[PDB]
Amino acid sequence: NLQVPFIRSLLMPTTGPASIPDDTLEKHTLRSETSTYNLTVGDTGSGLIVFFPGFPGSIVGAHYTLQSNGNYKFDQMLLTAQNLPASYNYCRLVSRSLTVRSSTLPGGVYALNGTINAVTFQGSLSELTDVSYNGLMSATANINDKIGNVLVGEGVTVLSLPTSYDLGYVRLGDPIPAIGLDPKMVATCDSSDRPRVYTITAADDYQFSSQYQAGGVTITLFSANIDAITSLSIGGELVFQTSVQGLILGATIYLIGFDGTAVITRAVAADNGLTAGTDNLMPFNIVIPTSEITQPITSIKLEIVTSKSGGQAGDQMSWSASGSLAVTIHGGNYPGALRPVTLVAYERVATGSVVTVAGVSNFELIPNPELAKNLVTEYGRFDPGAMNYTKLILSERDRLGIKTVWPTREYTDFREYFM
Amino acid sequence: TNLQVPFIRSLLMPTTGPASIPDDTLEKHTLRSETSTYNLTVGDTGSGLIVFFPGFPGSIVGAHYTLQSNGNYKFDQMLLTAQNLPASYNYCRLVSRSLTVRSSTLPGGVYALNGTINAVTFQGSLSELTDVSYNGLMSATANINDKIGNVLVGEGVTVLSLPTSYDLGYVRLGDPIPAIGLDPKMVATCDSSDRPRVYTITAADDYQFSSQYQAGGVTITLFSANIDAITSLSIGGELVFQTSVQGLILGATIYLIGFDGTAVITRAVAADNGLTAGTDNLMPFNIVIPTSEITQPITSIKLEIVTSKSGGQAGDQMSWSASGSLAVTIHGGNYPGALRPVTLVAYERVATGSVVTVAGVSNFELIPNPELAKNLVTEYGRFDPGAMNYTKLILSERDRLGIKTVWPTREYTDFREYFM
Amino acid sequence: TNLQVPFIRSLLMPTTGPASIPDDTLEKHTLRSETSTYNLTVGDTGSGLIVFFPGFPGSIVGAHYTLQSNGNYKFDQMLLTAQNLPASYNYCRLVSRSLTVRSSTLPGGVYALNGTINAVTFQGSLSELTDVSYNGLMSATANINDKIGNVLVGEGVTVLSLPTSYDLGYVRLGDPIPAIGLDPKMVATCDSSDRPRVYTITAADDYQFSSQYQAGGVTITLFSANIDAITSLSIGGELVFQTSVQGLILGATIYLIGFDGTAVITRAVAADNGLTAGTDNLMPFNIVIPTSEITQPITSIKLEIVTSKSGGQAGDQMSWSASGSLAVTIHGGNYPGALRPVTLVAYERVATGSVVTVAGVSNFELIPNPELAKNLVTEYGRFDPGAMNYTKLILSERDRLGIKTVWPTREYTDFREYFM
Amino acid sequence: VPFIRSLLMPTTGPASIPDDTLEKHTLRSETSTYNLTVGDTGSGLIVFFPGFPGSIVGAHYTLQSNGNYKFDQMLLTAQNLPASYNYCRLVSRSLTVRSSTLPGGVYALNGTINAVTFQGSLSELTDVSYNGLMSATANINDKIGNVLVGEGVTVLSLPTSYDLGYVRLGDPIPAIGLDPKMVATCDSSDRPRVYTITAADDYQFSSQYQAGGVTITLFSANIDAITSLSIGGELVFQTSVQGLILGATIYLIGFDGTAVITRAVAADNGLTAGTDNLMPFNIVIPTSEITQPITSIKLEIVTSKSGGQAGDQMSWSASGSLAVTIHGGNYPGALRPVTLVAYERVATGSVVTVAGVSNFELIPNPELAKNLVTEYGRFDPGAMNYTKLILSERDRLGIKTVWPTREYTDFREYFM
């Protein structure tokens, strides 16, 4: 069941929140809240749990399930108990800790059948090499950041060790007041401090030529590995050239999840005509807000369909393209919003049973104007030398025994040692 | 010379070895010190310009320009480090960096060989100079121990890099990202976009154009502003057009022009744009410019309009109004070091057959890409209390100790002797 | 257990860390420890066997076969290590290996789920044995410390890698070299060339064939010998033919057959080869088979020859003769550990809805390729004095103090509890 | 002398190496001096093979003005050791390059030198450019940057393995032929290096007819050899077009980009339609033909047709794999460790001198065995443990595989 100095809240986050001793000040308050889940288990008794230990507002992780034809499927998102954008504007995270285990049985099975393993990968989600049960341990080279072959009778405890300290406040996806004619019309100020852009040159005079087909020919121009969560903007252009007289052009941009599912589709230009000899342009400028993004994204895709009005059995369709495009993800290079990602993979657990991810997460944050009228904020407490003691205990992380994924028995042993 | 530790020792003499900054940005990283040694090709005139970027976060250390016999400069190459960092690592920030520029020719007589160096560093970027002549470089700044001139090329200079800010996060490098396409010449990279730099420019406020017809069109140029860029950028905005005669088409072309005077990037933003009389006609600017397209630093930008007329073979006129604005965004431009401090080591009239060599050592603090992170351990920076405090003391007490950013190498050798 | 020094602590307890061998092969290297955690899928019969290679040089650990409703087997998958070692490494040798085979099922109330484990090890390779049956496996050796039977799956076995020799050179991993070809799939590797196993085979000594014209051709299997190779092999020889009848055209094909009887790769040596009467007609063997197309381990080779006649009636006799020797060259087979020792763990009749796991660590010494050598630092050993003498003294009397190679996890557990 | 002052300063003399392979041998100290003429524009490059089983110590390349290189000569040693010995074993070696004296009529010395040693071979280098050569390794004491040529470098050879056999040198054997230039030798064979490459995996070629042929290059590689090699394998051809005729040549290419060995494995032997017919590779390259070191291999096929000068599409398919067997590639020293010393912009018309001493350990020719006495080496206990200790503590002491010369001089001063 569940429900101070900075370092006790760092290493033991189920104790209470504390101020960060950094050089960034603001009149803030501080608050802890929880996440408790009973995740149901698919038929192939296996699945993956991503967490985001550094994510500063209200999203703890996600949950996928493995399927009989080797693929994944998106179960749900692991958000927290309180909708933090609904009553706070800015925030900055102090600590997390989460436990995940299954020590208990369904009705009508006579055994337990459990294994898990976990890593904390340094880069983002889509840029790791392979998602296997075996090859997951081969992502980091630190002895402390990973553990494997542990039963689910006593589960692994994911701690949140920090990225960096002098960080400003990041803005939550708070609704701002707005009056519209559409009932499904929302307005919000996003998280945008340190954006992550991707430039993608699609073609350097890539010549295309294919024969006629009734309905058009559909090629896919490129792919990537991009992994946004919150929101993104796709700017740029692509320039066409042609020689054949009459042909129509069309394209669309697909955003794909981690499980392999087309999430968001945007028709950049449907059924527009090309002009022979002279140059011709088609731009795209697409804004994708957070409520459209339902699962985490991976690997953008562009495909172009090309048909001909009045085309017969042998005439040629040919064009050449060049261009570049920019995918700006707002708040992408902030520490914690995308970069540290830990993975938990369970397999062969009994179907019909549940795993139980459950942790605390304490914040440091400032309120919206109504709650600002009714709640009082203040500067943080001051004690000297807590920053040097933080640097001391983190400069010897390898030999002191602090790590970031290790089972609940060893974290319990460390807790009664350190307390 | 013979090229192959706390933060003060690695700050004043960067050839000792790397160290971690005592700032409170405590990530897991790995220290790395690499080097760059060039032997340059002095032209026929004997005079050039070696522009260094001291506090640049990674792998680009300078550019070399030879001045022609007619006054113009000519681009030679882009001075950079031995191992390219974005191919193997993923994030970076700079600790310290030294560069020496001298000759290795050493005559056996009693007299020297002719050639003389000036040097200066200043707070602005590269497009913000009044003059780049050999005489006009010691005008650029007003601090005494921040520029030096008339040093002879047997002695040479030492370019030391004193900092700009300390609690500053990591800059992502232009690393390649896995991608599958159909053109074999496509690349997808992740640029550096921590603190961008925007240049808004109002190109026209109801400007009237009116000229006669002739064959081909009337090519004018609207504006020519000075910008700054080493890496990727993007240009946005639109520009309306009004008229009262209807047979008109027009094209537009944008140029990004480097330091020697030639256009590096040319891209047509409009081509056979037919306009209807009586009402507005838009012309949107949606262009991104990648890093690999940019081969040299870019110091200006200009727009051109070619106004012709469809079926206007007699001698008549054509006219339009225009008004609009532009927003040139470069990515990670206002990061301290990315464009803000620059030095200009210039030499003049070096003898024919003499070489001018560039040595140096760069000290970084990296995070690997996911392939190398399978094999190299990363950890937190070991701390020492008071090294930041002693740094602030020494930099407060700077001008009495005479700690310069440009030196003559005999003076820096004697400083390195009497410091340790 | 939870898969996260002197030499003998890493030799007897490999999950402690990588040590270096204190022999006299002095070479710059780096150390790396690697785990491998599999959960096996059992068949409908609940049987099968796991064929470990304990002293293998790099990254191949074993293969998994399942026992079907008949007496045959079926290849499931090759058991690998965590990260692909020839990716980013050139040379490799092995220090230590521990490996367990146990069930991670917790039984209910008071009784246990059914199933047992039988395990041996022997000095010959995989295709040199006699039988692989569960009962018959137990007689594969005459030592008492190298075999154990009727062990419960609830307390499964433990497998060590006790040494075969010490002064071994490094072996080359199967390592890609840069090559700009003309294909999507154009593999160019540097295979494990060392002390090679060769097999010479004399297929015939004047073997006369005689049969009448069947309407589709008469296929005969000329020989069937037992070779074995995990990696790339080569077979080169000469087979001659001399006839009396005249309208004869014959083709031939050679096979490679895995452990489960299924043919792995088919190679047409010479098809539609017309041969004259009165003259000895030559037929060479010039084929190489790379390690990229050997999916499962090979245990047999055979050759078959089909013959036909131009035209043909019901009574056309077809006759020839043959005499020739063939040599199979397995590149690097006699290196001790690549093929020579093998341990056979064989579970039988596991309860349905139960998992068997296999999990252990490997310790290597290995050289990085031209990129990881740019980015990390290798060095020599540590000079543990007299460690080889203590290793010899422990191994020379392993019969007295009870060091085994396959023995259950309770006895290994309290043995290493006593030994720590 | 003991072994370790023969290893740390090999100008003192040779000594037998203390290990467990014990065999009757003699000890020889062998020198090599060169005065290399330099290119018309300055720069150049000198490879070395510091551990090597005998008689080869490196090669010299000059840099042309249009980017490319040029091979001048192979740097041999003084005595031709395969002329009078069967088996060899390297002990120690030191090589110092320098140019500190002016030619007749110029002033102003003008030079610099980069230097680096590398764990892998020569053909597998990322870049050989003067700046990027420095990043080839990460050991801080296995490279040095921009020393003056008037001070030079010193390249000393630290070992790679100790319990090693004796390499058979490429000595001749008595032989009688009919041509005058009939050579028969017994080259180094033991512990080889194989390259197994697959040239095509169902590659489909199709192009229009040309009067003369249509040439395509199927693959490249980066293999390397010095002494001798051998190539084997076979690849098939299947087609539906009736009367096409093809013929292929294989190539061996030096470091500078110029082909050194070309053998025409198929001279215009055509192929039938409807089945598979197939051409084998079995070529043997002597040591006598390889003049400069190999760096790559390429294959190209010239296909043609009897008549039909309008299109006709010339289709065929290929599938096969090949094997190059370098005879003795994985002896430690024979190909693998390399040092790269790159001088740049030295004075025109001047020299750059090298100086070597290479302590060997030999077995005689059966005539020199008639007149010279071989015996087992002298044994003392503890030289091997001392060698292991000092090689294990390499980083804290100063023991570098490439030195600046004055530092090597005063190192030997406060060592002895």
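Its PDB record attributes the structure to cryo-EM, giving the resolution as 3.8 Å.

Turning to the overall build of chain A, a few remarks are in order. Regarding its fold elements, chain A presents five helices and 24 strands. Expressed as lengths along the three principal axes of its C-alpha atoms, the size of chain A is roughly 80 × 55 × 45 Å. Looking at chain A as a whole, 57% of its 419 residues qualify as buried. On chain A, roughly 17900 Å² of surface is accessible, and the fraction owed to carbon and sulfur atoms is 51%. The distance from the centre of the 25 positive side-chain charges to the centre of the 35 negative ones in chain A is 7 Å.

We now examine the sheet that holds strand β17 (residues 285–289) of chain B. Where strands meet in a sheet, backbone hydrogen bonds hold them as pairs that are either parallel or antiparallel. All names here are of chain B. One open sheet holds the four strands; their spatial order is β12-β19-β14-β17, and the pairing between them is antiparallel. Each edge of the open sheet carries a strand with a single partner, namely β12 (197–212) and β17. For this sheet, the mean inter-axis angle between neighbouring strands, taken without regard to orientation, is 15°. Bridge count between strand β14 (residues 233–242) and strand β19 (residues 317–330): 10 bridges; the pairing is antiparallel. Considered in β19, the bridge of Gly236 is made with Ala327.

Take helix α3 (residues 383–392) of chain D next. Turning to α3(D), its buried residues number three or more, namely D:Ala383, D:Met384, D:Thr387, D:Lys388, D:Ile390 and D:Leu391. In this structure, the buried side of α3(D) is in contact with α1 (4–8) of chain D.

In this section: the sheet that holds strand β3 (residues 47–51) of chain A. Residues and elements named next belong to chain A. Sheet architecture is open: six strands sit in the order β5-β4-β3-β22-β7-β8, paired in antiparallel fashion. The open sheet has two edge strands with one neighbour each: β5 (72–79) and β8 (146–150). Taking each pair of neighbouring strands and ignoring which way they run, the sheet shows an average axis angle of 15°. Alignment of β3 against strand β22 (residues 341–347), held across five bridges, turns out to be antiparallel. Paired with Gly47 across the two strands is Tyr346, which belongs to β22.

Once that is clear, we can look at the packing of aromatic side chains. To describe a pair of aromatic rings, you give the distance between the ring centres and the angle between the ring planes. All told, the structure shown has 40 aromatic pairs over all chains when counted by the stated rule. Aromatic side chains D:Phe411 and D:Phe415 sit 6.0 Å apart centroid to centroid with 15° between the ring planes, which places their arrangement in the stacked category. Taken together, the positions of D:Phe411 and D:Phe415, both in helix α4 (residues 405–415) and four residues apart, correspond to about one turn of that helix. Look at D:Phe411 and you get buried, because its relative accessible area is 9%. Members of the aromatic cluster, connected to one another through ring pairs, are D:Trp403, D:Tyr408, D:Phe411, D:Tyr414 and D:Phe415. Note that A:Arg339 overlies the ring of B:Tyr91, its terminal NZ or CZ placed 4.5 Å from the centroid.

Contacts between chain B and chain A engage 51 residues on the former and 56 residues on the latter. Roughly 4700 Å² of surface becomes buried between chain B and chain A when both sides are summed, with 53% attributable to carbon and sulfur atoms. Inspection of the region where chain B meets chain A yields five salt bridges. Here A:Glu127 and B:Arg172 are joined by a salt bridge, their closest N and O atoms 3.5 Å apart. Run the count over chain B and chain A and you get 17 residue pairs in polar contact. At the level of secondary structure, the elements contributing two or more residues to the side of chain B that touches chain A comprise β6 (89–102), β11 (188–190), β16 (263–274) and β17 of chain B. Considering only residue class, the side of chain B that touches chain A consists of 24 nonpolar, 11 polar and 16 charged.

Counting 66 residues, the largest nonpolar core has D:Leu229 and D:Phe237 as the members making the most contacts within it. The element best represented in this core is strand β13 (residues 193–205) of chain D, accounting for six residues. Residues in contact with D:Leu229, not counting those within four places in the same chain, are D:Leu252, D:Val284, D:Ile285, D:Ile290, D:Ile294, D:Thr325, D:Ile326 and D:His327. In terms of nonpolar packing, the next biggest core, distinct from the first, is built from 62 residues, C:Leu137, C:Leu248, C:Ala322 and C:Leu344 among them.

On to the environment of A:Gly153, then. All names here are of chain A. Here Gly153 is to be found in the loop between β8 and β9 (156–159). The class of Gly153 is partly exposed, set by a relative accessible area of 30%. Counting along the chain gives 255 residues from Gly153 to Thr408, while the straight-line C-alpha distance between them is 10.0 Å. Not counting residues within four places of it along the chain, the set of residues in contact with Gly153 comprises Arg101, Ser102, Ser103 and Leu112.

In this section: the environment of D:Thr101. Residue and element names in this part refer to chain D. Here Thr101 shows up in the loop between β6 (92–98) and β7 (112–118). Exposure remark for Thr101: the relative accessible area of 56% places this residue in the exposed category. Along the primary structure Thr101 and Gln208 are separated by 107 residues, whereas in three dimensions their C-alpha atoms are 62 Å apart. Discounting chain neighbours no more than four positions away, the residues touching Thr101 are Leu109 and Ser350.

This part covers the pattern of salt bridges. Residue and element names in this part refer to chain B. Taken as a whole and judged by the stated rule, the model has 44 salt bridges over all chains. Across the pair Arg93 and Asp23 runs a salt bridge whose closest N-O atoms are separated by 2.6 Å. Note that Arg93 is positioned in strand β6 and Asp23 in the loop between α1 (9–12) and β1 (30–35), a separation of 70 residues in sequence. Salt-bridge contacts for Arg398 lead to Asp399; the nearest nitrogen and oxygen are separated by 3.4 Å. Overall, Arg398 belongs to the buried group, its relative accessible area being 17%.

Right, let's talk about the pairing of strand β23 (residues 351–364) of chain D for a bit. Residue and element names in this part refer to chain D. Where burial is concerned, most of β23 is hidden: 11 out of the 14 residues are buried. Pairing between strand β1 (residues 26–37) and β23: 12 bridges, direction antiparallel. Residue pairing in the sheet places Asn35 in a bridge with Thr353 of β23. In this structure, strand β5 (residues 85–88) lies alongside β23, joined through two bridges in antiparallel fashion.

Each partner contributes residues to the interface: chain C has 24 residues there, and chain A has 22 residues. Of the roughly 1800 Å² buried at the junction of chain C and chain A (both faces included), carbon and sulfur atoms supply 47%. Contact with chain A buries surface across chain C, with C:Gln4, C:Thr37 and C:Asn39 losing the most and accounting together for 30% of the total. Our count for the chain C to chain A interface comes out at zero salt bridges. It is strand β1 (residues 30–40) of chain C that contributes the most residues to the side of chain C that touches chain A, six residues altogether.

Let us look at the side chain of D:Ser123. Residues and elements named next belong to chain D. With respect to the helices and strands, the residue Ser123 is situated in the loop between β7 and β8 (143–148). In this structure the side chain of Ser123 is engaged in a polar contact, spanning 3.5 Å, whose partner is the backbone oxygen of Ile223. If near-sequence neighbours (up to four positions away) are discounted, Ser123 is found in contact with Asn222, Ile223, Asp224 and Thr295.

Take the pairing of strand β7 (residues 116–122) of chain B next. As a general feature of sheets, a regular strand has side chains that alternate between the two faces. Residues and elements named next belong to chain B. Among the seven residues that make up β7, six are buried, leaving the element largely enclosed by the rest of the structure. Of the strand pairs in this sheet, β7 and strand β8 (residues 147–152) are connected by four bridges, and their pairing is antiparallel. Within β8, the residue paired with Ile117 across the bridge is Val151. Relative to strand β20 (residues 342–348), β7 is paired through five bridges, and the arrangement is antiparallel. The partner of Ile117 across the bridge, within β20, is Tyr347.

Here is what the cut-offs are and how they apply
- Residues numbered from 1 in each chain as written, not as in the entry; some residues may be left out.
- Chains lettered and ligands numbered in written order.
- Part of a larger assembly, values for the part shown.
- Heavy atoms only, no water.
- Helix = DSSP H or I, 4+ residues; strand = E, 2+ residues; numbered from the N terminus.
- Buried < 20%, exposed > 50% of the residue type's maximum accessible area, 1.4 Å probe, protein only.
- Areas by Shrake-Rupley, 256 points an atom, 1.4 Å probe, with all protein chains shown as cover.
- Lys, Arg positive; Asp, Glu negative; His and termini not counted.
- Charge placed at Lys NZ, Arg CZ, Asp CG, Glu CD.
- Pairing = 2+ DSSP bridges.
- Axes fitted to C-alpha atoms, helices over the stretch in contact; angles between N-to-C directions.
- Contact = heavy atoms within 4.5 Å.
- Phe/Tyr/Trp six-rings, centres within 6.5 Å; stacked < 30°, edge-to-face > 60°.
- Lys NZ or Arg CZ within 6 Å of the ring centre and 35° of its normal.
- Buried area = accessible area lost by both parts, 1.4 Å probe.
- Salt bridge = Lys/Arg side-chain N within 4 Å of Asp/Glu carboxyl O.
- Polar contact = N/O pair within 3.5 Å; in protein donor to acceptor, adjacent residues only side chain to side chain.
- Nonpolar A, V, L, I, M, F, W, Y, C, P; charged D, E, K, R; others polar.
- Core = buried A, V, L, I, M, F, W, Y, C linked by side-chain atoms within 4.5 Å.

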